[PDB]
file structure_23.pdb (PDB, C-alpha atoms)
ATOM      1  CA  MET A   1     -12.885  75.252 -23.100  1.00  0.00           C
ATOM      2  CA  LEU A   2     -11.543  71.708 -23.159  1.00  0.00           C
ATOM      3  CA  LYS A   3     -10.951  69.933 -19.828  1.00  0.00           C
ATOM      4  CA  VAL A   4      -8.621  66.912 -19.724  1.00  0.00           C
ATOM      5  CA  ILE A   5      -7.862  64.299 -17.085  1.00  0.00           C
ATOM      6  CA  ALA A   6      -4.879  62.004 -17.751  1.00  0.00           C
ATOM      7  CA  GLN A   7      -3.793  59.193 -15.445  1.00  0.00           C
ATOM      8  CA  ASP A   8      -0.466  57.395 -15.320  1.00  0.00           C
ATOM      9  CA  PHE A   9       0.227  54.194 -13.329  1.00  0.00           C
ATOM     10  CA  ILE A  10       3.929  54.083 -12.571  1.00  0.00           C
ATOM     11  CA  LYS A  11       5.819  51.006 -11.243  1.00  0.00           C
ATOM     12  CA  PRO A  12       6.457  51.665  -7.532  1.00  0.00           C
ATOM     13  CA  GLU A  13      10.226  51.038  -8.027  1.00  0.00           C
ATOM     14  CA  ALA A  14      10.320  53.977 -10.492  1.00  0.00           C
ATOM     15  CA  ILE A  15       8.536  56.758  -8.569  1.00  0.00           C
ATOM     16  CA  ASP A  16      11.723  58.574  -7.494  1.00  0.00           C
ATOM     17  CA  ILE A  17      13.015  58.483 -11.095  1.00  0.00           C
ATOM     18  CA  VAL A  18       9.836  60.003 -12.578  1.00  0.00           C
ATOM     19  CA  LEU A  19       9.083  62.709 -10.009  1.00  0.00           C
ATOM     20  CA  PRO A  20      11.750  65.160 -11.385  1.00  0.00           C
ATOM     21  CA  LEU A  21      10.446  64.476 -14.920  1.00  0.00           C
ATOM     22  CA  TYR A  22       6.864  65.272 -13.829  1.00  0.00           C
ATOM     23  CA  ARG A  23       8.073  68.487 -12.111  1.00  0.00           C
ATOM     24  CA  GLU A  24       9.746  69.742 -15.329  1.00  0.00           C
ATOM     25  CA  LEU A  25       6.721  68.668 -17.433  1.00  0.00           C
ATOM     26  CA  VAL A  26       4.432  70.743 -15.167  1.00  0.00           C
ATOM     27  CA  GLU A  27       6.740  73.781 -15.143  1.00  0.00           C
ATOM     28  CA  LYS A  28       7.251  73.836 -18.952  1.00  0.00           C
ATOM     29  CA  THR A  29       3.624  73.060 -19.769  1.00  0.00           C
ATOM     30  CA  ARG A  30       2.415  75.974 -17.602  1.00  0.00           C
ATOM     31  CA  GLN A  31       4.706  78.219 -19.686  1.00  0.00           C
ATOM     32  CA  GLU A  32       2.862  77.281 -22.902  1.00  0.00           C
ATOM     33  CA  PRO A  33       1.075  80.399 -24.238  1.00  0.00           C
ATOM     34  CA  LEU A  34      -2.224  78.508 -24.666  1.00  0.00           C
ATOM     35  CA  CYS A  35      -2.240  76.542 -21.398  1.00  0.00           C
ATOM     36  CA  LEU A  36      -5.089  77.744 -19.129  1.00  0.00           C
ATOM     37  CA  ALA A  37      -4.492  75.420 -16.146  1.00  0.00           C
ATOM     38  CA  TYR A  38      -2.285  72.371 -15.553  1.00  0.00           C
ATOM     39  CA  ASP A  39      -1.974  70.675 -12.193  1.00  0.00           C
ATOM     40  CA  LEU A  40      -0.642  67.314 -11.134  1.00  0.00           C
ATOM     41  CA  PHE A  41      -1.926  65.191  -8.244  1.00  0.00           C
ATOM     42  CA  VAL A  42      -1.193  61.825  -6.712  1.00  0.00           C
ATOM     43  CA  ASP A  43      -3.632  59.124  -5.453  1.00  0.00           C
ATOM     44  CA  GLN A  44      -3.603  58.920  -1.627  1.00  0.00           C
ATOM     45  CA  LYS A  45      -3.658  55.089  -1.782  1.00  0.00           C
ATOM     46  CA  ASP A  46      -1.161  54.616  -4.673  1.00  0.00           C
ATOM     47  CA  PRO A  47       1.980  56.883  -4.673  1.00  0.00           C
ATOM     48  CA  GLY A  48       2.587  55.807  -8.263  1.00  0.00           C
ATOM     49  CA  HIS A  49      -0.868  56.778  -9.598  1.00  0.00           C
ATOM     50  CA  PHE A  50      -0.463  60.313 -10.989  1.00  0.00           C
ATOM     51  CA  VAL A  51      -3.330  62.431 -12.278  1.00  0.00           C
ATOM     52  CA  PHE A  52      -3.159  65.494 -14.510  1.00  0.00           C
ATOM     53  CA  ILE A  53      -6.043  67.959 -14.552  1.00  0.00           C
ATOM     54  CA  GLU A  54      -5.713  70.290 -17.516  1.00  0.00           C
ATOM     55  CA  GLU A  55      -7.683  73.060 -19.154  1.00  0.00           C
ATOM     56  CA  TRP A  56      -7.068  74.111 -22.757  1.00  0.00           C
ATOM     57  CA  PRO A  57      -8.857  76.689 -25.049  1.00  0.00           C
ATOM     58  CA  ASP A  58      -9.599  73.918 -27.568  1.00  0.00           C
ATOM     59  CA  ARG A  59      -8.303  70.713 -29.117  1.00  0.00           C
ATOM     60  CA  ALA A  60      -5.822  72.596 -31.342  1.00  0.00           C
ATOM     61  CA  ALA A  61      -4.067  74.006 -28.278  1.00  0.00           C
ATOM     62  CA  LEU A  62      -3.898  70.417 -26.907  1.00  0.00           C
ATOM     63  CA  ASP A  63      -2.325  69.231 -30.199  1.00  0.00           C
ATOM     64  CA  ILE A  64       0.357  71.934 -29.759  1.00  0.00           C
ATOM     65  CA  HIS A  65       0.959  70.730 -26.199  1.00  0.00           C
ATOM     66  CA  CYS A  66       1.431  67.151 -27.480  1.00  0.00           C
ATOM     67  CA  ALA A  67       4.037  68.299 -30.060  1.00  0.00           C
ATOM     68  CA  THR A  68       6.159  70.451 -27.710  1.00  0.00           C
ATOM     69  CA  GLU A  69       9.799  69.633 -26.987  1.00  0.00           C
ATOM     70  CA  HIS A  70       9.075  69.071 -23.283  1.00  0.00           C
ATOM     71  CA  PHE A  71       6.065  66.745 -23.889  1.00  0.00           C
ATOM     72  CA  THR A  72       7.800  64.631 -26.558  1.00  0.00           C
ATOM     73  CA  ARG A  73      10.988  64.336 -24.475  1.00  0.00           C
ATOM     74  CA  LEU A  74       9.535  63.904 -20.965  1.00  0.00           C
ATOM     75  CA  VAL A  75       6.418  61.753 -21.527  1.00  0.00           C
ATOM     76  CA  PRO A  76       8.081  58.691 -23.128  1.00  0.00           C
ATOM     77  CA  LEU A  77      10.778  58.862 -20.409  1.00  0.00           C
ATOM     78  CA  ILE A  78       7.959  58.684 -17.840  1.00  0.00           C
ATOM     79  CA  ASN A  79       6.020  56.028 -19.706  1.00  0.00           C
ATOM     80  CA  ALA A  80       9.108  53.772 -19.892  1.00  0.00           C
ATOM     81  CA  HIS A  81       8.208  52.976 -16.273  1.00  0.00           C
ATOM     82  CA  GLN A  82       4.390  52.485 -16.538  1.00  0.00           C
ATOM     83  CA  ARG A  83       2.797  49.423 -14.918  1.00  0.00           C
ATOM     84  CA  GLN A  84      -0.201  49.543 -17.325  1.00  0.00           C
ATOM     85  CA  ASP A  85      -1.304  51.875 -20.144  1.00  0.00           C
ATOM     86  CA  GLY A  86      -2.370  55.346 -19.021  1.00  0.00           C
ATOM     87  CA  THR A  87      -5.747  56.890 -19.763  1.00  0.00           C
ATOM     88  CA  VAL A  88      -6.808  60.288 -21.120  1.00  0.00           C
ATOM     89  CA  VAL A  89     -10.352  61.765 -20.980  1.00  0.00           C
ATOM     90  CA  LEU A  90     -11.310  64.824 -23.060  1.00  0.00           C
ATOM     91  CA  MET A  91     -14.350  66.709 -21.701  1.00  0.00           C
ATOM     92  CA  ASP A  92     -16.863  69.535 -21.960  1.00  0.00           C
ATOM     93  CA  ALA A  93     -18.344  71.409 -19.020  1.00  0.00           C
ATOM     94  CA  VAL A  94     -21.854  70.240 -18.112  1.00  0.00           C
ATOM     95  CA  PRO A  95     -24.053  73.366 -18.325  1.00  0.00           C
TER      96      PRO A  95
ATOM     97  CA  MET B   1      -6.213  70.381  -0.094  1.00  0.00           C
ATOM     98  CA  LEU B   2      -8.059  67.157  -0.797  1.00  0.00           C
ATOM     99  CA  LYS B   3      -8.659  66.846  -4.567  1.00  0.00           C
ATOM    100  CA  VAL B   4     -11.269  64.356  -5.755  1.00  0.00           C
ATOM    101  CA  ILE B   5     -12.235  62.947  -9.159  1.00  0.00           C
ATOM    102  CA  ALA B   6     -15.429  60.882  -9.248  1.00  0.00           C
ATOM    103  CA  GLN B   7     -16.749  59.259 -12.427  1.00  0.00           C
ATOM    104  CA  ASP B   8     -20.230  57.911 -13.192  1.00  0.00           C
ATOM    105  CA  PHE B   9     -21.216  55.749 -16.198  1.00  0.00           C
ATOM    106  CA  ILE B  10     -24.871  56.208 -16.960  1.00  0.00           C
ATOM    107  CA  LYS B  11     -26.980  54.030 -19.329  1.00  0.00           C
ATOM    108  CA  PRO B  12     -27.577  56.032 -22.549  1.00  0.00           C
ATOM    109  CA  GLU B  13     -31.358  55.682 -22.289  1.00  0.00           C
ATOM    110  CA  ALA B  14     -31.141  57.487 -18.899  1.00  0.00           C
ATOM    111  CA  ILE B  15     -29.012  60.549 -19.756  1.00  0.00           C
ATOM    112  CA  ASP B  16     -31.998  62.903 -20.109  1.00  0.00           C
ATOM    113  CA  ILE B  17     -33.372  61.760 -16.734  1.00  0.00           C
ATOM    114  CA  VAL B  18     -30.109  62.266 -14.789  1.00  0.00           C
ATOM    115  CA  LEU B  19     -29.048  65.632 -16.222  1.00  0.00           C
ATOM    116  CA  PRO B  20     -31.421  67.719 -14.074  1.00  0.00           C
ATOM    117  CA  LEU B  21     -30.404  65.644 -11.039  1.00  0.00           C
ATOM    118  CA  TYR B  22     -26.717  66.448 -11.754  1.00  0.00           C
ATOM    119  CA  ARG B  23     -27.552  70.155 -12.171  1.00  0.00           C
ATOM    120  CA  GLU B  24     -29.225  70.308  -8.746  1.00  0.00           C
ATOM    121  CA  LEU B  25     -26.446  68.254  -7.107  1.00  0.00           C
ATOM    122  CA  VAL B  26     -23.869  70.706  -8.450  1.00  0.00           C
ATOM    123  CA  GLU B  27     -25.884  73.797  -7.448  1.00  0.00           C
ATOM    124  CA  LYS B  28     -26.480  72.554  -3.874  1.00  0.00           C
ATOM    125  CA  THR B  29     -22.980  71.158  -3.398  1.00  0.00           C
ATOM    126  CA  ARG B  30     -21.365  74.455  -4.333  1.00  0.00           C
ATOM    127  CA  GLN B  31     -23.476  76.009  -1.571  1.00  0.00           C
ATOM    128  CA  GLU B  32     -21.892  73.768   1.113  1.00  0.00           C
ATOM    129  CA  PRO B  33     -19.754  76.161   3.239  1.00  0.00           C
ATOM    130  CA  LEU B  34     -16.826  73.706   3.138  1.00  0.00           C
ATOM    131  CA  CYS B  35     -16.936  73.164  -0.654  1.00  0.00           C
ATOM    132  CA  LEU B  36     -13.846  74.770  -2.229  1.00  0.00           C
ATOM    133  CA  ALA B  37     -14.589  73.797  -5.854  1.00  0.00           C
ATOM    134  CA  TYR B  38     -17.023  71.509  -7.567  1.00  0.00           C
ATOM    135  CA  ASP B  39     -17.467  71.158 -11.305  1.00  0.00           C
ATOM    136  CA  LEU B  40     -19.089  68.597 -13.536  1.00  0.00           C
ATOM    137  CA  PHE B  41     -17.902  67.526 -16.989  1.00  0.00           C
ATOM    138  CA  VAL B  42     -18.899  64.989 -19.622  1.00  0.00           C
ATOM    139  CA  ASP B  43     -16.647  62.748 -21.773  1.00  0.00           C
ATOM    140  CA  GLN B  44     -16.539  64.006 -25.421  1.00  0.00           C
ATOM    141  CA  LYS B  45     -16.625  60.397 -26.617  1.00  0.00           C
ATOM    142  CA  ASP B  46     -19.335  59.153 -24.172  1.00  0.00           C
ATOM    143  CA  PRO B  47     -22.326  61.424 -23.305  1.00  0.00           C
ATOM    144  CA  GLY B  48     -23.125  59.105 -20.353  1.00  0.00           C
ATOM    145  CA  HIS B  49     -19.627  59.308 -18.781  1.00  0.00           C
ATOM    146  CA  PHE B  50     -19.762  62.138 -16.257  1.00  0.00           C
ATOM    147  CA  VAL B  51     -16.791  63.408 -14.269  1.00  0.00           C
ATOM    148  CA  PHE B  52     -16.772  65.504 -11.106  1.00  0.00           C
ATOM    149  CA  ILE B  53     -13.653  67.430 -10.100  1.00  0.00           C
ATOM    150  CA  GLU B  54     -13.923  68.514  -6.464  1.00  0.00           C
ATOM    151  CA  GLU B  55     -11.773  70.295  -3.887  1.00  0.00           C
ATOM    152  CA  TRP B  56     -12.281  70.073  -0.123  1.00  0.00           C
ATOM    153  CA  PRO B  57     -10.100  71.390   2.757  1.00  0.00           C
ATOM    154  CA  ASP B  58      -9.835  67.877   4.139  1.00  0.00           C
ATOM    155  CA  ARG B  59     -11.485  64.464   4.387  1.00  0.00           C
ATOM    156  CA  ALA B  60     -13.827  65.587   7.209  1.00  0.00           C
ATOM    157  CA  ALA B  61     -15.488  67.997   4.785  1.00  0.00           C
ATOM    158  CA  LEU B  62     -15.924  65.173   2.241  1.00  0.00           C
ATOM    159  CA  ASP B  63     -17.600  63.090   4.966  1.00  0.00           C
ATOM    160  CA  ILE B  64     -19.977  65.956   5.577  1.00  0.00           C
ATOM    161  CA  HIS B  65     -20.640  66.348   1.866  1.00  0.00           C
ATOM    162  CA  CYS B  66     -21.650  62.642   1.835  1.00  0.00           C
ATOM    163  CA  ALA B  67     -24.164  63.197   4.665  1.00  0.00           C
ATOM    164  CA  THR B  68     -26.003  66.177   3.095  1.00  0.00           C
ATOM    165  CA  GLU B  69     -29.662  65.697   2.081  1.00  0.00           C
ATOM    166  CA  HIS B  70     -28.864  66.650  -1.522  1.00  0.00           C
ATOM    167  CA  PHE B  71     -26.170  63.947  -1.704  1.00  0.00           C
ATOM    168  CA  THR B  72     -28.230  61.261   0.060  1.00  0.00           C
ATOM    169  CA  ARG B  73     -31.284  62.015  -2.095  1.00  0.00           C
ATOM    170  CA  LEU B  74     -29.804  62.738  -5.542  1.00  0.00           C
ATOM    171  CA  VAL B  75     -26.911  60.249  -5.653  1.00  0.00           C
ATOM    172  CA  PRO B  76     -29.051  57.071  -5.421  1.00  0.00           C
ATOM    173  CA  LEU B  77     -31.579  58.576  -7.897  1.00  0.00           C
ATOM    174  CA  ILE B  78     -28.655  58.901 -10.311  1.00  0.00           C
ATOM    175  CA  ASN B  79     -27.005  55.563  -9.527  1.00  0.00           C
ATOM    176  CA  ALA B  80     -30.310  53.746 -10.153  1.00  0.00           C
ATOM    177  CA  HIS B  81     -29.456  54.318 -13.847  1.00  0.00           C
ATOM    178  CA  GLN B  82     -25.807  53.311 -13.814  1.00  0.00           C
ATOM    179  CA  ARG B  83     -24.252  51.125 -16.553  1.00  0.00           C
ATOM    180  CA  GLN B  84     -21.449  50.066 -14.186  1.00  0.00           C
ATOM    181  CA  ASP B  85     -20.060  51.063 -10.796  1.00  0.00           C
ATOM    182  CA  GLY B  86     -18.672  54.598 -10.546  1.00  0.00           C
ATOM    183  CA  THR B  87     -15.113  55.259  -9.375  1.00  0.00           C
ATOM    184  CA  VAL B  88     -13.677  57.795  -6.958  1.00  0.00           C
ATOM    185  CA  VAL B  89     -10.033  58.885  -6.443  1.00  0.00           C
ATOM    186  CA  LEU B  90      -8.846  61.025  -3.442  1.00  0.00           C
ATOM    187  CA  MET B  91      -5.663  62.961  -4.125  1.00  0.00           C
ATOM    188  CA  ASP B  92      -2.845  65.171  -2.905  1.00  0.00           C
ATOM    189  CA  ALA B  93      -1.220  67.910  -4.970  1.00  0.00           C
ATOM    190  CA  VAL B  94       2.274  67.007  -6.220  1.00  0.00           C
ATOM    191  CA  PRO B  95       4.517  69.978  -5.185  1.00  0.00           C
TER     192      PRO B  95
END

call {"tool": "encode", "arguments": {"input": "structure_23.pdb", "output": "structure tokens"}}
result
Amino acid sequence: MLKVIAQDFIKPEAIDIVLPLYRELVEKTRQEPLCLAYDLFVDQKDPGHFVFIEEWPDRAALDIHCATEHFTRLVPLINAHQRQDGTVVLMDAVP
Amino acid sequence: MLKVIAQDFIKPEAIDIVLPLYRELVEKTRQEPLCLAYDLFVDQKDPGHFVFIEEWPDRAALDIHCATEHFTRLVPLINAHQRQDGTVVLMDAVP
């Protein structure tokens, strides 16, 4: 499987705007046939620092995720309010 | 629950040395009664960029984790080979 961590840094002013967007993103993503796990967290010291922890079967299933209606609609609406670029790490389990 | 992501950046010449240290750290940490989850991953684009995803019932249990002999022994053995400081993020689930 493919494990992903993605981090967004949202302007503090914008947190209340983006929360509903994140909630829909999580709900719709979890309904993707190929999504194994998808959970969203927030940094205890930065209420605007959001972290996705995701598990996909492979890269192809992640490409599908990236092309979905909900991803392509919701993510730029979220990123409109970023304080800095986000980061994404793609990973393998350490055996 | 308390969700934690910790990242280490290990000098490439030291990857083969640290891998068995990581394996033992993971094995012993999962045996801590308070450990809810603990898994180790590696960045697909950097074989020296290791990522722990951890779950603890609370911060007290993290404190205890930090005091174990396996943590106090293995962690500095690993960090002796770091390329740059590691990072840690403590997190809450977003409902």

call {"tool": "atom_distance", "arguments": {"input": "structure_23.pdb", "atom1": "CA of residue 16 (chain A)", "atom2": "CA of residue 47 (chain A)"}}
result
10.3 Å

call {"tool": "axis_aligned_box", "arguments": {"input": "structure_23.pdb", "around": "region 32-35 of chain A", "padding_each_side": "3 Å", "output": "lines of an AutoDock Vina configuration file"}}
result
center_x = 0.3
center_y = 78.5
center_z = -23.0
size_x = 11.1
size_y = 9.9
size_z = 9.3

call {"tool": "residues_around", "arguments": {"input": "structure_23.pdb", "residues": "residue 57 (chain A)", "least_positions_apart": "6", "cutoff": "8 Å", "atoms": "only C-alpha atoms", "output": "ChimeraX atom specification"}}
result
/A:1-2,34-36

call {"tool": "closest_residue", "arguments": {"input": "structure_23.pdb", "among": "B:27, B:8, B:69, B:54", "to": "residue 39 (chain B)", "atoms": "only C-alpha atoms"}}
result
B:54

call {"tool": "resolve_selection", "arguments": {"input": "structure_23.pdb", "expression": "the PyMOL selection byres ((chain B and resi 51) around 10)", "output": "PyMOL selection string"}}
result
(chain A and resi 5+89+91-94) or (chain B and resi 5-9+39-43+48-50+52-54+86-88)

call {"tool": "residues_around", "arguments": {"input": "structure_23.pdb", "residues": "region 81-85 of chain B", "least_positions_apart": "2", "cutoff": "6 Å", "atoms": "only C-alpha atoms", "output": "JSON, numbers by chain"}}
result
{"B": [9, 10, 11, 78, 79]}

call {"tool": "decode", "arguments": {"input": "structure_23.pdb", "residues": "region 25-59 of chain A", "atoms": "N, CA and C atoms", "output": "short mmCIF file (atom, residue, chain, number, x, y, z; two decimals), in the first residue's frame"}}
result
data_model
loop_
_atom_site.label_atom_id
_atom_site.label_comp_id
_atom_site.auth_asym_id
_atom_site.auth_seq_id
_atom_site.Cartn_x
_atom_site.Cartn_y
_atom_site.Cartn_z
N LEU A 25 -14.59 17.34 2.10
CA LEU A 25 -13.47 16.62 1.47
C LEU A 25 -13.26 15.24 2.12
N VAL A 26 -13.27 15.20 3.44
CA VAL A 26 -13.09 13.94 4.18
C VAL A 26 -14.23 12.97 3.90
N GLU A 27 -15.47 13.46 4.01
CA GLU A 27 -16.64 12.63 3.77
C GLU A 27 -16.68 12.02 2.35
N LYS A 28 -16.42 12.84 1.34
CA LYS A 28 -16.47 12.39 -0.06
C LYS A 28 -15.29 11.50 -0.41
N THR A 29 -14.12 11.82 0.14
CA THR A 29 -12.93 11.01 -0.13
C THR A 29 -13.11 9.60 0.43
N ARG A 30 -13.65 9.50 1.64
CA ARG A 30 -13.88 8.19 2.27
C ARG A 30 -14.87 7.32 1.49
N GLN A 31 -15.72 7.97 0.70
CA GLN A 31 -16.64 7.27 -0.20
C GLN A 31 -16.00 6.84 -1.53
N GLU A 32 -14.73 7.17 -1.77
CA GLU A 32 -14.09 6.69 -2.99
C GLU A 32 -13.88 5.19 -2.86
N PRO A 33 -14.23 4.42 -3.92
CA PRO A 33 -14.10 2.97 -3.89
C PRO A 33 -12.72 2.48 -3.44
N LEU A 34 -11.67 3.16 -3.90
CA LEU A 34 -10.28 2.75 -3.66
C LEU A 34 -9.60 3.34 -2.42
N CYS A 35 -10.34 4.14 -1.66
CA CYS A 35 -9.74 4.78 -0.49
C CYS A 35 -9.71 3.77 0.67
N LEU A 36 -8.53 3.48 1.21
CA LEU A 36 -8.42 2.53 2.33
C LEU A 36 -8.60 3.23 3.68
N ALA A 37 -7.93 4.37 3.88
CA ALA A 37 -8.14 5.16 5.10
C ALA A 37 -7.86 6.64 4.80
N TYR A 38 -8.58 7.53 5.46
CA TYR A 38 -8.39 8.96 5.19
C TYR A 38 -8.88 9.70 6.43
N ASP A 39 -7.96 10.35 7.11
CA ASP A 39 -8.27 10.96 8.40
C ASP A 39 -7.56 12.28 8.47
N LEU A 40 -8.22 13.26 9.08
CA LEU A 40 -7.71 14.61 9.12
C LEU A 40 -7.49 15.01 10.58
N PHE A 41 -6.36 15.66 10.84
CA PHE A 41 -5.97 16.06 12.19
C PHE A 41 -5.56 17.50 12.17
N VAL A 42 -5.47 18.08 13.37
CA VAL A 42 -4.99 19.46 13.50
C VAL A 42 -3.89 19.53 14.58
N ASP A 43 -2.89 20.35 14.32
CA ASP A 43 -1.72 20.58 15.19
C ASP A 43 -2.22 21.22 16.48
N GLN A 44 -1.79 20.69 17.63
CA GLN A 44 -2.26 21.23 18.93
C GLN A 44 -1.77 22.66 19.21
N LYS A 45 -0.70 23.06 18.54
CA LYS A 45 -0.10 24.39 18.74
C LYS A 45 -0.35 25.38 17.59
N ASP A 46 -1.11 24.94 16.57
CA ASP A 46 -1.42 25.76 15.40
C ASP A 46 -2.77 25.27 14.81
N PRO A 47 -3.89 25.93 15.19
CA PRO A 47 -5.24 25.53 14.79
C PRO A 47 -5.49 25.66 13.29
N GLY A 48 -4.52 26.24 12.59
CA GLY A 48 -4.57 26.32 11.13
C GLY A 48 -3.67 25.33 10.42
N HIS A 49 -2.99 24.45 11.17
CA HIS A 49 -2.03 23.51 10.54
C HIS A 49 -2.77 22.17 10.49
N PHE A 50 -3.25 21.81 9.29
CA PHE A 50 -4.06 20.59 9.14
C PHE A 50 -3.22 19.51 8.52
N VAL A 51 -3.45 18.27 8.95
CA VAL A 51 -2.65 17.14 8.49
C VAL A 51 -3.56 15.99 8.07
N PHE A 52 -3.39 15.54 6.84
CA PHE A 52 -4.09 14.39 6.31
C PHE A 52 -3.19 13.17 6.47
N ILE A 53 -3.76 12.05 6.92
CA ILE A 53 -3.06 10.79 6.88
C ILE A 53 -3.91 9.87 6.04
N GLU A 54 -3.33 9.35 4.95
CA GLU A 54 -4.11 8.65 3.94
C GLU A 54 -3.44 7.31 3.65
N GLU A 55 -4.25 6.35 3.25
CA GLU A 55 -3.73 5.08 2.78
C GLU A 55 -4.47 4.75 1.49
N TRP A 56 -3.70 4.44 0.45
CA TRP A 56 -4.22 4.09 -0.86
C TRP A 56 -3.64 2.72 -1.29
N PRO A 57 -4.35 1.96 -2.15
CA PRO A 57 -3.77 0.70 -2.71
C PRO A 57 -2.47 0.91 -3.49
N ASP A 58 -2.41 1.99 -4.27
CA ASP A 58 -1.24 2.32 -5.06
C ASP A 58 -1.36 3.76 -5.55
N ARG A 59 -0.36 4.19 -6.29
CA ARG A 59 -0.31 5.51 -6.88
C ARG A 59 -1.46 5.83 -7.83
#
